[PDB]
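Readers should treat all values here as calculations from the given coordinates under stated rules, not as data from a laboratory. A quick note on method: Cβ atoms are made from the backbone with ideal geometry, for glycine too, and the neighbour counts reach across all protein chains shown.
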Amino acid sequence: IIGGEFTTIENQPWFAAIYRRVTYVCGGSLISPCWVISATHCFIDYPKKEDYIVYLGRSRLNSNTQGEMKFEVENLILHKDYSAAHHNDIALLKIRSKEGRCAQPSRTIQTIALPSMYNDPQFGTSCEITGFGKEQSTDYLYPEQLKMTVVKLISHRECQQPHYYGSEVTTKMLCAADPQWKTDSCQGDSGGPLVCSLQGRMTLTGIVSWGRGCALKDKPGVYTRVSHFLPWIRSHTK
Ligand SMILES: CCOC(=O)c1ccc2nc(N)sc2c1
């Protein structure tokens with residue numbers, strides 16, 4: 001996350017940290033006790049379950065947070081109509097601990113609700129993104145602390161402009177950005193939550209998916225339009 005501020009898991013009790021062996025991979029969003037939704041592109045190269053470690057209630061990248069839970073990946077469901085721009089960038093991780101249980105709601109652990117089907121906030125709305133991604137594009141390292149910021153929804157017409165992202169953007173993706181392009185998601189923030197308060201309720205509007213650079217003029221971050229995948233989400237979590 002470029003710019004923004006630092007935070008703790010208490011401000012995104014649903015955000016998940018996914019590792020692999022052990023290095024960070026991507027973020028995730030706990031949408032229910034046993035289910036974490038993230039982005040496919042994050043796992044396509046090592047599509048195997050046995051390698052992933054998921055954490056909930058974790059506020060730091062390489063040190064523990066009092067109260068976090070560690071989970072294995074019972075199942076790694078990747079969308080079948082993927083290419084990557086990146087299409088159907090949506091993944092589902094079934095989580096189970098060595099004790100066999102799913103996630104237990106706590107002060108630093110809670111689930112996030114999905115939107116009403118095909119229902120998205122109007123463009124210009126302020127949503128918040130969360131993650132352990134670079135603070136700057138030249139950084140080699142990722143921040144040790146969890147960060148977050150706010151970005152506004154860009155209409156599909158604006159993001160389609162050849163001088164924006166052209167045809168690469170589809171009705172199934174949302175664009176979001178800072179009017180001055182100073183804050184934004186960056187490498188390391190993929191999969192995680194694009195939360196907007198809609199209808200007066202916090203909802204998972206998108207999943208950090210892709211973008212040309214980080215905080216560059218006319219180059220919004222792109223997010224998987226969650227509201228266009230509920231039957232997929234519903235069927236695959238059954
Ligand atoms: C995880 C792969 O890292 C990137 O290369 C990368 C680059 C730009 C970008 N903009 C976003 N909203 S997510 C993102 C990821």
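So, of the residues in the stretch 1-50 that are among the hydroxyl-bearing types (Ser, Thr, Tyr) and assigned to a strand (DSSP E or B), which turns out to be surrounded by the most Cβ atoms within 10 Å (Cβ to Cβ)? Even if it seems obvious, please write down each step before you answer.
Initial filter on the stretch 1-50 (among the hydroxyl-bearing types (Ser, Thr, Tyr)): 7-8, 19, 23-24, 29, 32, 38, 40, 46.
Subset that is assigned to a strand (DSSP E or B): 19, 23-24, 29, 32, 38.
Values: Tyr19: 18, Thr23: 8, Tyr24: 16, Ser29: 26, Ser32: 17, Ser38: 29.
Looking at residues that are among the hydroxyl-bearing types (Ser, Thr, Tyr) and assigned to a strand (DSSP E or B), I get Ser38.
Among the criteria (1) of a type in the set (A, V, I, L, M); (2) in a strand (DSSP E or B); (3) more than 9 Å from the ligand (Cβ to nearest atom), the one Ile233 does not fulfil is (2).
For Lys238, the criteria (1) more than 16 Å from the ligand (Cβ to nearest atom); (2) within 15 Å of the chain's Cα centre (by Cα) hold in every case but one, which is (2). With respect to the numbered conditions (1) within 16 Å of the ligand (Cβ to nearest atom); (2) at positive phi, which one is the sole condition not fulfilled by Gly57? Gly57 satisfies all of (1) within 16 Å of the ligand (Cβ to nearest atom); (2) at positive phi except (1). Considering the stretch 162-212, the residues that are more than 16 Å from the ligand (Cβ to nearest atom) and in a loop (DSSP other than H, G, I, E, B) include one that is nearest to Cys42 (Cα to Cα), namely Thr171. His87 fulfils the conditions (1) buried (at least 16 other Cβ atoms within 10 Å of the Cβ); (2) closer than 17 Å to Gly28 by Cβ; (3) within 16 Å of the chain's Cα centre (by Cα) except for a single criterion, (2).
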